[PDB]
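Dropping a structure here in structure tokens format, bear with me for questions.
The first residue of the sequence shown is numbered 1, and numbering continues consecutively from there. Below, each value reflects all heavy atoms present in this structure, side chains not excepted, and no hydrogens, waters or symmetry copies.
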Amino acid sequence: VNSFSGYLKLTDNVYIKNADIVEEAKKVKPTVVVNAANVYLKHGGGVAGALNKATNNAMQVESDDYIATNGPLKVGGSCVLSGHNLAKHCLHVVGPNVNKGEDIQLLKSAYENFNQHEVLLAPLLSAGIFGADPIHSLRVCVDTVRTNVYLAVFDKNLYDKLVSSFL
Ligand SMILES: O=C(O)CCc1nc2ccccc2[nH]c1=O
């Protein structure tokens, strides 16, 4: 048993809810929250900007030190950093950004990072401002992630559509 509440079960291991991932992280304090990161760990907008703002910019300070030491992530890659006040850990995962022209086939590689963690609170990768089709992102998630994932969908109207179209 875990502390996640009000989720619709989609599969054996994937759950979904209409929720603000920041508010959800603050309530649950999960072991792992996933960030919709870019390769520079520049947390400006979407889930990254919102998560970073909730940490009072401590996420960005830690991220800048990580990049200064290690250089940029790969598209499809990830790193584990602190969860600050939101979670034990933050898994920063880089899905492909369609609005920058990145290969959508890298979305499966991005979701494979989730399999290194038994339970995660996450957004849909490559969705929203990343420019990919969220229905596609949910399908790749269900077909790739084998660990237990609690998906927070921010947009109410998109959520109504993801549930009603899910196969
Ligand atoms: O809802 C999410 O969690 C996915 C990212 C996202 N997609 C949208 C699509 C259309 C309109 C608003 C949107 N807001 C969003 O946050």
Side-chain angles (χ1 to χ4, degrees), residues 2 4 7 10-17 19 21-22 24-25 28-52 54-55 58-60 62-84 86-154 162 166:
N2 65 52
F4 288 107
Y7 287 71
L10 294 175
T11 70
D12 180 56
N13 66 296
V14 178
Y15 296 77
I16 198 165
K17 183 181 179 182
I21 197 171
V22 171
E24 193 76 3
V28 175
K29 289 288 239 85
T31 306
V32 180
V33 66
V34 173
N35 182 33
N38 58 54
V39 295
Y40 306 109
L41 301 179
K42 280 171 56 350
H43 313 309
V47 175
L51 291 169
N52 175 58
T55 77
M59 178 180 282
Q60 190 64 67
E62 180 194 31
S63 293
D64 290 345
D65 169 87
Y66 173 90
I67 297 285
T69 298
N70 300 107
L73 300 178
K74 298 169 182 188
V75 179
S78 70
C79 68
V80 178
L81 290 173
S82 181
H84 301 278
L86 303 179
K88 186 175 200 290
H89 303 290
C90 181
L91 180 71
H92 293 273
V93 180
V94 185
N97 188 324
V98 176
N99 300 323
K100 297 179 179 171
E102 296 168 352
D103 173 14
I104 195 59
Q105 298 308 129
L106 289 170
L107 186 54
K108 187 171 184 77
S109 300
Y111 274 116
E112 287 170 341
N113 295 287
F114 288 26
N115 290 322
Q116 298 294 320
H117 303 277
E118 287 192 353
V119 182
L120 315 88
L121 172 61
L124 288 165
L125 299 178
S126 308
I129 67 174
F130 273 68
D133 174 7
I135 296 169
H136 176 68
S137 181
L138 179 55
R139 182 25 66 189
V140 177
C141 180
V142 156
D143 291 347
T144 305
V145 179
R146 298 178 301 285
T147 57
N148 295 321
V149 57
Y150 288 85
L151 294 169
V153 178
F154 183 67
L162 284 168
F166 183 70

Give the minimum heavy-atom separation between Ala132 and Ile104, together with the two atoms involved. CB-CD1, 3.8 Å
Return the minimal non-hydrogen interatomic distance between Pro134 and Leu162, and the atom names on each side. O-CD2, 3.6 Å
Side chains of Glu118 and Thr31 in contact at under 4.5 Å (non-hydrogen atoms): no
Among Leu81, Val94, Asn52, side chain to side chain contact (heavy atoms under 4.5 Å, CB included) partner for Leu41: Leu81
Work out which heavy atom in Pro96 is nearest to a heavy atom in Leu106; give both atom names and the distance. CD-C, 3.9 Å
Residues forming a ring-ring contact (aromatic ring centres under 6.0 Å, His included) with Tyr150, sequence neighbours excluded: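 Counting only residues at least two positions away or on another chain, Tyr150 forms a ring-ring contact (aromatic ring centres under 6.0 Å, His included) with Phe4, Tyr7, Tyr15.
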Side chain proximity check, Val47 to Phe130, heavy atoms < 4.5 angstrom: no
Looking only at heavy atoms, which two atoms of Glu102 and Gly95 are closest? And how far apart?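 Closest heavy-atom pair between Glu102 and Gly95: OE1-O, 4.1 Å.
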Side chains of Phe114 and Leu125: closer than 4.5 Å at any heavy-atom pair?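 Yes, at least one pair of side-chain atoms sits under 4.5 Å.
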What is the distance from atom CD of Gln60 to atom CD1 of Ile67, rounded to the nearest 0.5 Å? 9.0 Å
Can you see which heavy atom on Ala48 is nearest to which on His43, and at what distance?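 In terms of heavy atoms, the two residues are closest at O-CB, 3.4 Å.
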Kindly indicate whether the side chain of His117, heavy atoms from C-beta on, has any atom under 4.5 Å from the side chain of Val34. no
Can you find a pair of side-chain heavy atoms, one from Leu91 and one from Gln116, that are under 4.5 Å apart?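 With C-beta onward as the side chain, the pair stays apart.
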Would you indicate whether the side-chain heavy atoms of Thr147 and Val145 approach each other to under 4.5 Å? yes
Measuring from atom CG of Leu151 to atom NZ of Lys17, what distance do you get when rounded to the nearest 0.5 angstrom?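 The distance works out to 12.5 Å.
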Using side-chain heavy atoms (C-beta onward) and a distance below 4.5 Å, is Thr55 in contact with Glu62? no
Between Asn97 (side chain) and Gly131 (backbone), is there a donor-acceptor pair under 3.5 Å? no
Any side-chain heavy-atom pair from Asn148 and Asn2 closer than 4.5 angstrom? no
Working to the nearest 0.5 angstrom, can you tell me the gap between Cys79 SG and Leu73 CG? 4.5 Å
What is the distance from atom CG of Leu86 to atom CG of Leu51, rounded to the nearest 0.5 Å?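 One gets 6.0 Å once the value is rounded to the nearest 0.5 Å.
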Out of the candidates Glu112, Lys108, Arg139, only one should pair with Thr144 under the side chain to side chain donor-acceptor pair (under 3.5 Å) rule; please name it.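 For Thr144, the side chain to side chain donor-acceptor pair (under 3.5 Å) test succeeds with only one of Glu112, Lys108, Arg139, which is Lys108.
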Going from NZ on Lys42 to OG on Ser63, what distance comes out if it is rounded to the nearest 0.5 angstrom? 11.0 Å
Non-neighbouring partners of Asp103 that pass salt bridge (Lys or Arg N to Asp or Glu O under 4.0 Å), sequence neighbours left out: none
